[PDB]
Amino acid sequence: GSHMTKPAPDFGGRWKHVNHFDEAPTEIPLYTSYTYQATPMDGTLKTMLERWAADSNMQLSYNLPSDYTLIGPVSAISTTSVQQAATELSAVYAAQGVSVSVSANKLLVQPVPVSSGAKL
């Protein structure tokens, strides 16, 4: 037996559905300010920074050996300044050995030595 499927056209409105813009794409008469905050979609620090930078089309430099989850007070940080966000994060993250900063539209994550404050 053979059931040769002959090429048949579909029905609907995908062909007639055209995408274009007669008016302006996005008229926003205000200085857009993205709020950098921890969300229930990141899960880990890496993913959080990824989303943060991605939204503003910025780059990320994760120089950490592994990806860690949010310590807790991260979601309590909600600022429109990426520089301030990193500044606040690095303050509470320092205890974990993580220092985040922003340089040249790039987020740089560097580990800080806080395992032994009285070492030789």
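Residues numbered from 1 in each chain as written, not as in the entry; some residues may be left out. Heavy atoms only, no water.

Structure determination for this PDB entry was carried out by solution NMR, as recorded in the header.

Here the PDB entry's recorded title is "NMR structure of the Xanthomonas VirB7".

Could you give an account of the sheet that holds strand β3 (residues 106-111), with specific residues and numbers?
Strand pairs in the sheet, formed through backbone hydrogen bonds, run parallel or antiparallel to each other. Spatial strand order, β1-β3-β2: three strands in an open sheet with mixed pairing. Unpaired on one side and paired on the other, β1 (59-62) and β2 (98-102) mark the two borders of the sheet. The sheet shows a mean angle of 15° between the axes of neighbouring strands, direction not considered. As paired elements, β1 and β3 share four bridges and run parallel to each other. Residue pairing across strands places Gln-59 opposite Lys-106, the latter belonging to β3. In the packing of helix α1 (residues 45-55) onto the sheet, the strands contacted are β1, β2 and β3, and the crossing angle to β1 comes to about 160°. On top of the sheet, helix α2 (residues 82-93) reaches β2 and β3; it is set at about 170° to β2, its chief contact. (Pairing = 2+ DSSP bridges. Helix = DSSP H or I, 4+ residues; strand = E, 2+ residues; numbered from the N terminus. Axes fitted to C-alpha atoms, helices over the stretch in contact; angles between N-to-C directions. Contact = heavy atoms within 4.5 Å.)

Outline the environment of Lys-46, listing residues and values.
The residue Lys-46 is located in helix α1 in this model. Between the alpha carbons of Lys-46 and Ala-85 there is a distance of 15 Å; along the sequence they are 39 residues apart. The residues contacting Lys-46, other than those within four sequence positions of it, are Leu-60, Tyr-62 and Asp-67.

An account of α2 is needed here, citing residue identities and associated values.
Here α2 contains 12 residues, and its C-alpha end-to-end distance of 16 Å stays within 8% of the 16 Å for a straight helix at 1.5 Å per residue. Those residues of α2 that sit buried are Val-82, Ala-85, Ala-86, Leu-89, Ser-90 and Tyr-93. End-on view of α2: buried residues confined to an arc of 125°, all on one side of the axis. Projecting away from the buried face of α2 at angles above 90 degrees are the exposed residues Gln-83 and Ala-91. The secondary structure elements touched by the buried residues of α2 are α1, β2 and β3. (Expected span 1.5 Å × (residues − 1). Buried < 20%, exposed > 50% of the residue type's maximum accessible area, 1.4 Å probe, protein only. Arc of directions from axis to C-beta.)

Requested: an account of unusual backbone geometry, with residues and values cited.
Residues other than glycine seldom take positive phi values, yet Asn-57 does so here, at roughly 55°. Structurally, the position occupied by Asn-57 is in the loop between α1 and β1. Of note in this structure, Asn-105 is not a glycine but carries a positive phi near 60°.

Tell me about the packing of α1 against α2, residues and numbers included.
How two helices pack is summed up by the angle between their axes together with the distance between the axes. Closest axis-to-axis distance for the α1/α2 pair is 13 Å, and the angle between their directions is 170°. The angle between the axes of α1 and α2 places the two elements in the roughly antiparallel class. For the pair α1 and α2, the contacting residues are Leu-45, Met-48, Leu-49 and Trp-52 in the first and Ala-85, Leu-89 and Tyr-93 in the second. Across the contact of α1 with α2, the residue classes break down as seven nonpolar, no polar and no charged. (Parallel < 35°, antiparallel > 145°, perpendicular 65-115°, else oblique. Nonpolar A, V, L, I, M, F, W, Y, C, P; charged D, E, K, R; others polar.)

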